[PDB]
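# Commentary on secondary and tertiary structure
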Amino acid sequence: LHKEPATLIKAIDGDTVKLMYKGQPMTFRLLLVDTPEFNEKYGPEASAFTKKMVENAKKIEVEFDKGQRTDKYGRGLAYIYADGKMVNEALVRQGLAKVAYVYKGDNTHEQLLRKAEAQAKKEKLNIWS
Ligand SMILES: Cc1cn([C@H]2C[C@H](OP(=O)(O)O)[C@@H](COP(=O)(O)O)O2)c(=O)[nH]c1=O
Ligand SMILES: [Ca+2]
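Judging from the entry metadata, X-ray crystallography is the method by which this structure was determined, and 1.9000 Å is the reported resolution.

The name that the PDB entry assigns to the chain is Thermonuclease, with the source organism given as Staphylococcus aureus.

Attention now moves to the pairing of strand 3 (residues 24–30). Where strand 2 (residues 16–21) meets strand 3, six bridges bridge the pair, whose relative direction is antiparallel. Bridge pairing links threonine 16 to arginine 29 in strand 3. Counted between consecutive antiparallel strands, the loop separating strand 2 from strand 3 contains two residues, among which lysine 22 sits at a positive phi close to 40°. Alignment of strand 3 against strand 6 (residues 76–82), held across three bridges, turns out to be parallel. Residue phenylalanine 28 lies in a different strand from strand 6, and its bridge partner there is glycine 76.

What follows concerns the nonpolar core. With 34 residues, the main nonpolar core has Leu19, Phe28, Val62, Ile80 and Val87 as its most contacted residues. Where this core is concerned, the elements lending two or more residues are strand 2, strand 3, helix 1 (43–56), strand 5 (60–63), strand 6, helix 2 (87–93) and helix 3 (110–122). Setting aside its immediate chain neighbours within four residues, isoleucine 80 contacts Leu19, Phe28, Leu30, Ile60, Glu61, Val62, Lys85, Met86, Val87 and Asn88.

Here we come to the coordination of the calcium ion (ligand 2). Of the protein atoms, only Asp15 (OD), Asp34 (OD), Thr35 (O) and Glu37 (OE) coordinate the calcium ion (ligand 2), at distances of 2.8 to 3.0 Å. For the calcium ion (ligand 2), the donor residues sit on a single chain with the sequence spacing D-x18-D-T-x1-E. Overall, the relative accessible area of 41% leaves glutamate 37 in the partly exposed class.

This part takes up the site of ligand 1. Neighbouring residues of ligand 1: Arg29, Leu31, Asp34, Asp71, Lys72, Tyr73, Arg75, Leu77, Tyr101 and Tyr103. Between ligand 1 and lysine 72 there is a distance of 2.5 Å, counted from an oxygen atom to a side-chain nitrogen or oxygen. A distance of 2.5 Å is found between an oxygen atom of ligand 1 and a side-chain nitrogen or oxygen belonging to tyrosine 73. Cavity membership is defined here by more than half of the atoms lying within 2 Å of grid points; on that basis ligand 1 lies in the largest pocket. Taken together, the residues that form the shell around ligand 1 break down as five nonpolar, no polar and five charged.

What counts as what
- Residues numbered from 1 in each chain as written, not as in the entry; some residues may be left out.
- Chains lettered and ligands numbered in written order.
- Heavy atoms only, no water.
- Pairing = 2+ DSSP bridges.
- Helix = DSSP H or I, 4+ residues; strand = E, 2+ residues; numbered from the N terminus.
- Core = buried A, V, L, I, M, F, W, Y, C linked by side-chain atoms within 4.5 Å.
- Buried < 20%, exposed > 50% of the residue type's maximum accessible area, 1.4 Å probe, protein only.
- Contact = heavy atoms within 4.5 Å.
- Donors = N, O, S within 2.8 Å, 3.2 Å for Na, K, Ca; no water.
- Near = heavy atom within 4 Å.
- Polar contact = N/O pair within 3.5 Å; in protein donor to acceptor, adjacent residues only side chain to side chain.
- 1 Å grid on protein atoms, 1.4 Å probe; cavity = no way out; pocket = protein on both sides within 12 Å on 5 of 7 lines; lining within 4 Å.
- Sits in = over half its atoms within 2 Å of the grid points.
- Nonpolar A, V, L, I, M, F, W, Y, C, P; charged D, E, K, R; others polar.

Next comes the structure, spelled out in structure tokens:
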């Protein structure tokens, strides 16, 4: 896998963000995670978290996996990095997202994320409290 550049357009919620990628606006959905919707428990906290992380970054990167790059809604599917830190992993580590939507071929960082979830659970963080 390799990192490519992108720039923030707008924070949307815990696991979606609008970025400019190869000069075009698109909504990215984060691979391998599920945050609660804004209207659910911890939804506002997950939104705040992603928002701070992407709005504070000097450098946003996108990393596609080996399979599907867009979903059926035309959302990009990627791992997203903020100054070299993976948003997907960080949400899970804090108990603000669950590992989810694991499909064959788009799962390079599965084990990394499950390891983070185990540690958030152990600490009873947020969703796990
Ligand atoms: C994360 C991810 C979601 N999706 C689709 C499956 C779900 O279909 P349905 O809309 O039919 O439930 C939807 C969940 O995204 P959200 O959690 O953003 O709603 O997005 C993929 O197809 N591939 C993926 O890698
Ligand atoms: Ca969601």
